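Structural description and commentary
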Amino acid sequence: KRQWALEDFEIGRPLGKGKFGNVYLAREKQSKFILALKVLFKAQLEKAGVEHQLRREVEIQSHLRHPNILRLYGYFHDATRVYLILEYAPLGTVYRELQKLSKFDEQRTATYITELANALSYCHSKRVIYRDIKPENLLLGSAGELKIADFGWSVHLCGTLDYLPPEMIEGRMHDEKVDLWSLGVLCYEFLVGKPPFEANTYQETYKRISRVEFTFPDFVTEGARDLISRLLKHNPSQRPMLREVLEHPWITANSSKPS
Ligand SMILES: Nc1ncnc2c1ncn2[C@@H]1O[C@H](CO)[C@@H](O)[C@H]1O
């Protein structure tokens, strides 16, 4: 845990683009360590109340260590900018992989779900609840293992509703179960190629989520449908435990990874 400066890193190609900031491949000069460096201008941040939100997000991230959670090594700032030192994921985002492939097979989906659940169980133990997870925020390691990247929204709406649970959008207070819903949405999107509540309109998506209106294409197997339906209950209480998800026969049948 030391203070870092831009002089310390050689900066490479951009890994990703974002309005808040851009992510660059970087190499630490002393160790030749390869990593992603995330650059945020203070001003863009200050304009919105993120400045407190970013500091808590950084605080939460630094402490967490899991195979399926993207590591944050450190942070530093320059007169006009904030820089996040992040683990680098060679195989990139699941999002890019999904739009390259268009859908995932059950074996790849089940494996991703299992890794997600494991990562989620670990977060809950630390009293960290995630709330926002989407293929854009999922990264792949050299082994091809899923990693949870952001945490920029972590706790113990003008933005997209696609992955938000009914309780959060309706203004009801929310608990861990919120993550179980996220798992159900992701599992659907992996298999089908689109999130279950996708719509032309924020207002339209609101209603679909609120009513929990989703249908399955023919190719989705009964095993998957059962898992999704359990995950996607309107009442958080009905939603299964992570352990229950890990033990689901469909997960068990098709997963590479352990519970
Ligand atoms: N460590 C990283 N390795 C690879 N791509 C990353 C990394 N951090 C962020 N990104 C990319 O930048 C985007 C913005 O966070 C991500 O969705 C992803 O595409």
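Listed as the method for this PDB entry is X-ray crystallography; the listed resolution is 2.600 Å.

1. Thoughts on the overall build of the protein
Looking only at helices and strands, the protein has 10 helices and eight strands in total. Relative to the globule expectation of 18 Å for 259 residues, the C-alpha radius of gyration of the protein, 19 Å, shows essentially globular dimensions. C-alpha atoms of the protein, sized along the principal axes, occupy 55 × 40 × 35 Å. Total accessible area on the protein stands at roughly 13700 Å², and carbon and sulfur atoms take up 50% of it. Each charge class in the protein can be summarised by its mean position, and for the 37 positive and 33 negative side chains these summaries are 4 Å apart.

2. Points about helix α6 (residues 177-192)
Given a rise of 1.5 Å per residue, 16 residues ought to cover 22 Å, and the 23 Å separating the end C-alpha atoms of α6 matches this to within 8%. Among the 16 residues that make up α6, 15 are buried, leaving the element largely enclosed by the rest of the structure. Positive phi shows up at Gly193, right after α6, with a value of about 105°.

3. Side note on the site of the ligand
Lining the immediate surroundings of the ligand are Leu15, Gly16, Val23, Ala36, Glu87, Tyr88, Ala89, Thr93, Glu136 and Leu139. Within the contact set of the ligand, a nitrogen atom lies 2.4 Å away from a backbone nitrogen or oxygen of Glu87. One nitrogen or oxygen atom from the main chain of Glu136 is found 2.7 Å from an oxygen atom belonging to the ligand. About the coverage of the ligand: the protein hides 82% of its 410 Å² of free accessible area.

4. Regarding the UniProt feature "active site" in the protein
According to UniProt, the positions carrying the feature "active site" are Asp132. Within the fold, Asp132 resides in the loop between α4 (106-125) and β7 (138-140). Contacts of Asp132, omitting those with residues within four sequence positions, involve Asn137 and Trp153.

5. Things to note about the pattern of salt bridges
Applying the stated criterion across every chain yields a total of 13 salt bridges. Its salt-bridge partner being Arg56, residue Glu59 comes within 3.4 Å of it at the nearest N-O pair. Of this pair, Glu59 and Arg56 both sit in helix α2 (residues 50-63), separated by three residues, roughly a single helical turn. As a salt-bridge pair, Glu97 and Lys100 come within 2.4 Å of each other at their nearest N and O atoms. Of this pair, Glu97 and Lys100 both sit in helix α3 (residues 94-101), three residues apart, which is roughly one turn of the helix. Taken together, the shared-partner salt bridges connect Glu97, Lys100 and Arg108 into one network.

6. Looking at the pairing of strand β3 (residues 34-41)
The buried fraction of β3 amounts to six of the eight residues, a majority that puts the element mostly inside the structure. Bridge count between strand β2 (residues 21-28) and β3: seven bridges; the pairing is antiparallel. Among the inter-strand pairings, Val23 is bridged to a residue of β3, identified as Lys38. In textbook terms, the turn of a hairpin is the stretch between consecutive antiparallel strands, and for β2 and β3 this stretch comprises five residues, one of which, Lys32, has a positive phi near 60°. Two strands pair when backbone bridges link them, and β3 and strand β5 (residues 81-86) are joined in this way by six bridges, in the antiparallel orientation. Bridging from a neighbouring strand, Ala36 pairs with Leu86 of β5.

7. Brief notes about the UniProt feature "binding site: ATP" in the protein
Under the UniProt annotation, "binding site: ATP" lies at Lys19, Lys38, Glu87, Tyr88, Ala89, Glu136, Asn137 and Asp150. Checked against the element boundaries, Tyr88 lands in the loop between β5 and β6 (92-93). Setting aside chain neighbours within four positions, we find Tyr88 in contact with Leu15, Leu25, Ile34, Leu35 and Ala36. With respect to the secondary-structure elements, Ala89 resides in the loop between β5 and β6. Take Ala89: its relative accessible area is 11%, and that puts it in the buried class. Apart from residues no more than four positions distant in its own chain, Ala89 is found in contact with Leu70, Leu139 and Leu140.

8. Section: the layout of surface pockets
Of the volumes computed, that of the second largest pocket is approximately 430 Å³. If one sorts the elements of the lining of the second largest pocket by residue count, strand β4 (residues 72-78) sits on top with six residues. Class assignment of the residues belonging to the lining of the second largest pocket gives a composition of 10 nonpolar, six polar and three charged.

Here is what the cut-offs are and how they apply
- Residues numbered from 1 in each chain as written, not as in the entry; some residues may be left out.
- Heavy atoms only, no water.
- Helix = DSSP H or I, 4+ residues; strand = E, 2+ residues; numbered from the N terminus.
- Rg over C-alpha atoms; globule rule 2.2 N^0.38 Å.
- Areas by Shrake-Rupley, 256 points an atom, 1.4 Å probe, with all protein chains shown as cover.
- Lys, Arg positive; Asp, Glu negative; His and termini not counted.
- Charge placed at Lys NZ, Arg CZ, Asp CG, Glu CD.
- Expected span 1.5 Å × (residues − 1).
- Buried < 20%, exposed > 50% of the residue type's maximum accessible area, 1.4 Å probe, protein only.
- Near = heavy atom within 4 Å.
- Polar contact = N/O pair within 3.5 Å; in protein donor to acceptor, adjacent residues only side chain to side chain.
- UniProt positions renumbered as here; feature names shortened; annotations may be inferred.
- Contact = heavy atoms within 4.5 Å.
- Salt bridge = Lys/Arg side-chain N within 4 Å of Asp/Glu carboxyl O.
- Pairing = 2+ DSSP bridges.
- 1 Å grid on protein atoms, 1.4 Å probe; cavity = no way out; pocket = protein on both sides within 12 Å on 5 of 7 lines; lining within 4 Å.
- Points joined across faces, edges and corners; volume = space filled by probe spheres on them.
- Nonpolar A, V, L, I, M, F, W, Y, C, P; charged D, E, K, R; others polar.

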